[PDB]
């Protein structure tokens, strides 16, 4: 299979600029940037939407303003960069140039992964290890928390990533329950979708997620390494065609300001950018 929906790929294994060890979170900004968090290189790298390297920041360590196992990444409308740290157990807010401003969740989080910003400016934090989701004020006060460890609708099993749709509904990938779950802005369960398998519309261990302007939910899965698109009611629509250069254990996923889908192809030490809107 010679061609698919891939536009370009960036990255090889390593610790230098444009190289990766463990791609995790992916974010994309309204200023036309792609941001990649690397949990094992302890850095965030910023690229243009066309894949050109722009900048890198991240100081290894366990103190405030350092990164130890950075996972989720989001960009605030302000341009600040929000980074979850699984090992430091807090979420940092950096400037667009990587200056540490504040951290939230310290003493509250067990092991965060996904981070997002809701339509009201709340910071949504997926606590992968605690199997719950927090909604924080920017000052670090908890608005609400939802979920606990388990297999049921209102539980999570290693939740990974988050997205927020135009109705301020929160979308969570529930990795070890093989489903995507949608909540209202109060954190109350609305619906789940997905099934564990290899056939059409099925997946295994959903990871990266995004939601488009029409409410369609774009989901990467770690176990089959595909990207599947669902409508906002959770019904399968289509694949993003990755067959010419397959994924291997994808992590974070984002929609870019130029209408593409970017995915962390972590097992192949690269990010891949796909046609989506055109």
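Numbering follows the first chain given and starts at 1.
As listed in the deposited structure, the average C-alpha B-factor of 129-137 and of 113-121 is greater for 113-121. Averaged over CA atoms, B-factors in the entry run higher in 51-59 than in the other of 51-59 and 23-31. Highest CA B-factor among 158, 72, 107, 147, as stated in the entry: 107.
Of the candidates 202, 179, 151, 78, the PDB record gives 78 the highest C-alpha temperature factor. Residue 175: CA B factor in the lowest third of modelled residues in this chain (values from the PDB entry). Compared with the other modelled residues of the chain, the Cα B-factor recorded for residue 277 ranks in the highest third. Sorting the modelled residues of the chain by their CA temperature factor places residue 208 in the lowest third. In the deposited entry, the Cα temperature factor of residue 46 places it in the lowest third of its chain's modelled residues. For residue 193, the recorded CA temperature factor ranks within the lowest third of the chain's modelled residues.
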